[PDB]
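>>> Sequence first, structure after; it's an experimental one.
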Amino acid sequence: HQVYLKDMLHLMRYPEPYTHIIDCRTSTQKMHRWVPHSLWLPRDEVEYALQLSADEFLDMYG
Amino acid sequence: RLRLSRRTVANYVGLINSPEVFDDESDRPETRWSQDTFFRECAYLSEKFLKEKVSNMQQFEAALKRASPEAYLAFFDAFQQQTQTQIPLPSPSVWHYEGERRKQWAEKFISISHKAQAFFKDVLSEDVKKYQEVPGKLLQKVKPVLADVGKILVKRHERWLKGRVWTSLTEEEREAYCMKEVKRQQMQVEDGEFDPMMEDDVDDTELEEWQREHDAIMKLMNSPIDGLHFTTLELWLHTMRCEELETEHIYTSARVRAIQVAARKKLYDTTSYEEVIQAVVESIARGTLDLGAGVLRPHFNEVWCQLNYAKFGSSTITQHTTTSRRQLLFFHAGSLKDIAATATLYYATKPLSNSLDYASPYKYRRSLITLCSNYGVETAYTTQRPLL
Amino acid sequence: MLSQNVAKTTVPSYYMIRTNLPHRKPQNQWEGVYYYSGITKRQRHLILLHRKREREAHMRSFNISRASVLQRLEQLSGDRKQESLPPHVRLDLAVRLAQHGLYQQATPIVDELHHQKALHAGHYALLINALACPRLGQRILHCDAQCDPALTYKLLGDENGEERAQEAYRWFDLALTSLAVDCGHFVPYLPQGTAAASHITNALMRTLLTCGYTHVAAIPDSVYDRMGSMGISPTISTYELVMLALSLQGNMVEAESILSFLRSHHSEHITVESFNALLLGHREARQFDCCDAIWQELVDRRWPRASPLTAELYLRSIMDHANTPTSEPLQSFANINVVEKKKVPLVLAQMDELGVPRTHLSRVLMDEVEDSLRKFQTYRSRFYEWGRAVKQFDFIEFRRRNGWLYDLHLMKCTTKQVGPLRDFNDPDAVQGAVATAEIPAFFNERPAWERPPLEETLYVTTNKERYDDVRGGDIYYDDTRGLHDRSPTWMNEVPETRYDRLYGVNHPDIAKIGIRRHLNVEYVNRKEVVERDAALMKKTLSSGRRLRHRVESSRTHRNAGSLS
Amino acid sequence: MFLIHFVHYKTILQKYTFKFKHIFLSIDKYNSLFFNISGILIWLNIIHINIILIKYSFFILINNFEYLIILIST
Amino acid sequence: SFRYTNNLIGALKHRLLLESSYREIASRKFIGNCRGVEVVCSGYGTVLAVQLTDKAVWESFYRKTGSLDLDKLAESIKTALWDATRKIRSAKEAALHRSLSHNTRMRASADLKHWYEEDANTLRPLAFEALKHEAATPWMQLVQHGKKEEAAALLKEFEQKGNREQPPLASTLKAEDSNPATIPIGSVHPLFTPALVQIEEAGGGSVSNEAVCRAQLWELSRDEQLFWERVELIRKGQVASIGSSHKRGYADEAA
């Protein structure tokens, strides 16, 4: 399901505690800014990442 | 974090063979500058681009402050580490400003900072040597001048004011005055004139009064103080305007100008104009003079912090590292004390300066870490303050 | 694009010429004519918006009239001042206040009137009736209760119902006192005997309906018993209020009993409002066949005359019926109870025979009814034209743009066949199909414990046709892949990761390759902690015993050894 | 700043259950009555008879689509 | 999506209505009566007056020459008080009910428990809290209900110039403060008052954009830097373990 630009600006100014904005950008060479309240799981790692336990995931992605 | 900046250390990360203790070459006091990795890189890149051979950190930064616009630009084009500690700080506008803007900035700035460096190497060095025994004396000599410049400035602000109190004005007029004052500061930085004539007053009554004032001020600036060889205008030109030109991207940009306006406005709201001028006078008059790396280093009053809020507190900030060249948005100064902390770290960690030990890589590391732990503690205080 | 858009014709060949295979489906006798009953998004939106605006209009009216009464109060309190207004002015004010639900402000006024003995018989009945807030009732009925009369009672109960009740009881007693004064042969039963007493009691009941559940429940129990005890004879409206109470409670047996008694002894006095009571009641108990029985009866005796309220209650009960689901056993094909809506165009016809104007029906109900109509009603005009192929195929096109082709006859191609059941009475007997029917797959489908767990979610299945020539066997197969399926070569097909050096390792220490241990200054590893504590609960079983030292038992004393 | 360390309660209770049948549970299939075939007659170019079981035939099907076929007691 | 903001808006609609109700009931009279005896309570449940209506009628009921019952009299006082109190409690619950029946977001989560989780015992005004709210000075009442404007005003005028029937709060709390529009955010949810007070303006009851933006901007700064720290480390781990800075594409990046 989509989320539009409006939703994005709204969530920039008015974050929800349990909504997570997850940055999928793969190459660090191309990413110069930070989408507010986001977190970084690069696409290439996802299949692995999502199979970690809560603890292990905490250790790998911080 | 200092460790993780370096290649060596970063090749133990995310491996199953890693030596958990995690020491580095610079953590052992015996090590010499030639065995150091980061410096090996700097040395290599100084040969290739700067075209100088360098065995010390000292010689290196010395070499880089000598360089020529092409050599400088080529170097910082091949050089990816602006920030070792990743503590957000201002930086020379080399790391902002892509392309043509970059090239022409460097062309202006390096000429100017060469002139300044010469000025420091002799004219100031002698006068700092004379008064070495009692600190503060040198700038106390300059205080009585700035006082009078201040009185004139105040008088001008007042004749603009025309008897109506600053708080009674509409926010439109106030914002207009502030925008004026900030544009004025921009012209001061770019054109190197202490009191530039501005388009805002074209008035003949104003041209006469403002000419009387401009001339009283330029007369006081240009007039030699007796104990010291250097003129006040030279001090402002080489110690201040130079450094504010190093960061020029803060004046050049319209966004940042807007932030600066808001800050001026908030400052004049709480404080009278006489007190703000007097406070600036004191921010220079107390001061510190570093022989190494120029930089007259201010006292960090609440007023100084508010005037400089855009530079140390806003998102003007940019970090280049091996991994990423990024730009902090949302970087913020909670309080003024926060700013004082950041600016302290900024001036102290400036290239070769009295607060860093260039003797050995170990001593260097220690000096830097001491400064960062310092900054950190001020930051923790600032965190607890509003609530406690 | 759309995966229900599917070849209905075979590849052109001489097999269409040389064979008696039919070129189209035979018509399906039990599939209804497709026709148009339904509304747009836009239309639904228009109705909702419009409805909202009428709601606002009413709420505005109520605010204006309330504000007006309150201004009259402030003016009569302050401007009249020391000079005492005549009793009738105050009394009118009290009534008007209470009617908008400001009882609080009416209380002191009423007290002061009763103290001056300015109230007489009917005046009390007037006040007590005003406590039922029926200017507030109007507002609630239109906005909140969405025009349903039963809901309006229930919701009115939430406006300070307990205090209004208590006030009603109090004023009722005030009234009985005043009456006994005014009457002063029949000296002993003179106060209870008087019609005024009956009137007042009715007022009390009529108000208690408007308060909460508790009080509504108290009408047919205590109030009516107390009325019998007191000696006050009831009127038809007494009985209809008791019925309305019983019926809000959903107590049908007793409501119907009261009506029976009335029918038998008092028949010529029965108003419509007892039938209204019963209708409302049966609808609450959700007995719709009774809701029907009572309406049909009321059409047979054509007197008393049905009122627009009656027609409204009956119609509502029908919509209610039509929207209830059945249990799962009856839900496999469709929602049955929709058939009830098809009663509606009959009821509407009766309303014209009866002289009930159909335009007194709430906007709300008339929306539901108009919908019900457009489902089942059509005229002889439309009927001559409704089967044209253009309209049938247009309906198909509409279904295609909304991607629902599943049910349509022309437009679906059934593929799967269901094989026969074997017998252990013989493998030998070769079965063959006598007849064939298309019936939904849920009749016979492999029992849920035999088939893999949730199929829709964990498996992606597509029924498709073999491209190659199939000598024998089925021309369709099920291509089923798992949702999670991946190339066995996947790790080469994807960029390298920092995970790769963990290859073929059952329990990696992800704590070691992880970034948290460098990032954090303190770094507690959660898995060393638990190791340490299991290591500590090992030491509790590592207890050895120290050698004890027995002494010598004697009969006469205890022996004391000391360290030597 | 941080004043406290806490343990994260959450109410995960599922107490409601909504399961909706996917569409393909209600799709049609072709079902058939099935009796034991006692015999078969095919004719297209040349007639052929197969007799599996000889009994009095209680039912008879005729089917014309490609070849004429007659399924006896089918 | 937006489950949290929406559920929150629902819950705060509920709170505002319970609060507005508290302020209505708090300043108001409730009269219990038993036999000739009128007990008058404030919304806080505090007995204001004990009167005898119609001495003419009721006096000989208690005797008086007769000696007083004091038993009959006690029972009727007790009963009157109970009646009044029960009116108060019912008013509270009523408020709750109107709120629940009109609040559609709270209706969305289907909870019978919404109807029982706050009842007369639970809602405000609380009886055992009467004293501290009623015995309070007009100034104190002003600040208690979060009107900082009128409290400051009253304070300056305080410095510079240096059986009754009415609830003690009908002075401070007037009609217009029943409007849920007026209720300051500090006061809305009393349970959390000390935390929600910092969202509020230093002088004004209304929320301060400046304070809230300051608070957010601080955290955003911190969290930005954290983000880049983690990115840095994850990248360095990639380059370390892989051995080079290059990676394959995907099988689909050939086209």
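Here it is on my side, so go on. Numbering: from 1, shown residues only, chains lettered A, B, ... in the order given.
>>> For chain D, just list every one of the strands.
Applying DSSP state E to chain D gives strands spanning D:28-36, D:39-43, D:47-51, D:60-63, D:68-72.
>>> Kindly reformat those as TSV and extend each row with distance to residue B:9.
(Each C-beta comes from the backbone N, C-alpha and C, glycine too.) Formatted as TSV, the strands of chain D follow (distance: least, CB to CB, whole Å):
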stretch	distance to residue B:9
strand D:28-36	67
strand D:39-43	86
strand D:47-51	88
strand D:60-63	84
strand D:68-72	85
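>>> CSV for those strands, including distance to chain A?
Shown next, in CSV, are the strands of chain D (distance: least, CB to the nearest CB, whole Å):
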stretch, distance to chain A
strand D:28-36, 32
strand D:39-43, 58
strand D:47-51, 59
strand D:60-63, 52
strand D:68-72, 54
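>>> Does residue C:461 belong to a helix, a strand or coil?
The three-state label given to residue C:461 by DSSP: H, G, I helix; E, B strand; the rest coil is strand.
>>> ok, now how distant is residue C:22 from residue C:303?
Counting by CB to CB, to the nearest Å, the separation of residue C:22 from residue C:303 is 63 Å.
>>> which ones are touching the residue of the stretch 1-150 of chain E found nearest chain B?
Relative to chain B, the nearest point of the stretch 1-150 of chain E is residue E:148 (19.9 Å; CB to the nearest CB). Residues counted as contacts of residue E:148 (CB atoms under 8 Å, 6 or more residues apart in numbering or on different chains) are E:203, E:204, E:205.
>>> What of residue E:84?
Neighbours of residue E:84 in contact, by CB under 8 Å, 6+ apart: E:30, E:31, E:32, E:39, E:40, E:41.
>>> Buried only: go through the contacts of residue E:148 for me.
Taking 16 or more other CB atoms under 10 Å in any protein chain shown as the criterion, what is buried in the contacts of residue E:148 is residue E:205.
>>> any chance of the contacts of residue E:84 in JSON lines, with neighbour count too?
As requested, these are exported to JSON lines (neighbours: other CB atoms under 10 Å in any protein chain shown):
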{"residue": "E:30", "neighbour count": "25"}
{"residue": "E:31", "neighbour count": "24"}
{"residue": "E:32", "neighbour count": "23"}
{"residue": "E:39", "neighbour count": "24"}
{"residue": "E:40", "neighbour count": "22"}
{"residue": "E:41", "neighbour count": "25"}
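>>> what about the helices in the stretch 1-150 of chain B?
Residue ranges of the helices in the stretch 1-150 of chain B, as given by DSSP state H, counting those that start in this stretch, are B:2-5, B:7-10, B:37-45, B:57-66, B:69-78, B:99-119, B:125-130, B:137-161.
>>> Determine how far the third one lies from the middle of the whole chain.
In terms of CA atoms, centre = their mean, to the nearest Å, the centre of helix B:37-45 is found 26 Å from the chain centre.
>>> Ok, the second one next?
Average the C-alpha atoms of helix B:7-10, do the same for its chain, and the two points are 31 Å apart (CA atoms, centre = their mean).
>>> which residue does chain A bring closest to chain D?
Taking CB to the nearest CB, chain A has residue A:18 as its residue nearest chain D, at 9.9 Å.
>>> Pull the contacting residues for that residue.
residue E:4.
>>> ok, now with 10 Å
Residues in contact with residue A:18 (CB atoms under 10 Å, 6 or more residues apart in numbering or on different chains) are D:10, E:3, E:4.
>>> Looking at neighbours, which among the residues you listed is most surrounded?
Highest neighbour count within the contacts of residue A:18: residue E:4, with 13 neighbours (other CB atoms under 10 Å in any protein chain shown).
>>> A strand includes residue C:529, no?
No. If the criterion is three-state DSSP, then residue C:529 is helix and not within a strand.
>>> Count residues in the vicinity of the residue of the stretch 151-255 of chain E found nearest chain A, would you?
Chain A sits closest to residue E:230 of the stretch 151-255 of chain E, with a gap of 4.3 Å, by CB to the nearest CB. Residue E:230 has 17 neighbouring residues, counting by other CB under 10 Å.
>>> So which residues of the chain form helices?
Using chain A. Counting by DSSP state H, chain A has helices at residues A:5-13, A:46-49, A:54-61.
>>> you looked at the wrong chain, it should be chain E
Along chain E, counting by DSSP H, helices occupy E:3-26, E:55-58, E:71-102, E:104-108, E:113-116, E:130-134, E:138-144, E:148-160, E:185-188, E:193-196, E:209-242.
>>> show me the residues around residue B:241 that make contact.
Residues in contact with residue B:241, defined by CB under 10 Å, 6+ apart, are B:112, B:116, B:188, B:189, B:190, B:191, B:192, B:193, B:194.
>>> Burial check on the fourth one, number of neighbours?
Summarising burial for residue B:189: neighbours were counted as other CB under 10 Å, giving 20.
>>> ok, now which ones touch the closest residue to chain E within chain D?
Ranked by CB to the nearest CB, the top residue of chain D for proximity to chain E is residue D:16, at 7.6 Å. Taking CB under 10 Å, 6+ apart as the contact definition, residue D:16 lies against residue E:110.
>>> Next one: it from chain A, what distance?
Using CB to the nearest CB, to the nearest Å, residue D:16 is found at 20 Å from chain A.
>>> Kindly spell out which helices and strands sit in contact with the helix or strand hosting residue C:177.
Assessed by DSSP states H and E, residue C:177 sits inside helix C:161-183. Packing partners of helix C:161-183 (3 or more CB pairs under 10 Å, 6 or more residues apart in numbering or on different chains; DSSP states H and E): helix C:87-99, helix C:103-115, helix C:121-130, helix C:190-193, helix C:195-208, helix C:213-218, strand E:29-33, helix E:71-102.
>>> in stretch E:226-237, what's buried?
For stretch E:226-237, burial by neighbour count (16+ other CB under 10 Å) applies to E:227, E:228, E:229, E:230, E:231, E:232, E:233, E:234, E:235, E:236, E:237.
>>> With stretch C:341-348 instead?
For stretch C:341-348, a neighbour-count test (16+ other CB under 10 Å) marks C:341, C:343, C:344, C:347, C:348 as buried.
>>> can you list contacts of that stretch?
C:292, C:295, C:299, C:311, C:314-315, C:318-319, C:321-323, C:356, C:358, C:361, C:368-373, C:375-378.
>>> rewinding a little: could you find which two of the contacts of residue E:84 are furthest from each other?
Greatest spatial distance in the contacts of residue E:84: E:30 and E:39, 8.8 Å, computed using CB to CB.
>>> Pick out the residue nearest the middle of chain A.
For chain A, the residue nearest the mean C-alpha position is residue A:22 (1.3 Å; CA atoms, centre = their mean).
>>> how far away is that residue from chain B?
Distance, residue A:22 to chain B, by CB to the nearest CB: 18 Å.
>>> Likewise for residue E:212?
When distance is defined by CB to the nearest CB, residue E:212 is 14 Å away from chain B.
>>> Who are the contact partners of that residue?
With contacts taken as CB under 10 Å, 6+ apart, residue E:212 has the following neighbours: E:198, E:199, E:200.
>>> Residue 34: neighbouring residues, count only.
By default, I'm working from chain A. Neighbours of residue A:34 (other CB under 10 Å): 22.
>>> meant chain D, my bad for not saying
Look at residue D:34: counted by other CB under 10 Å, it has 15 neighbours.
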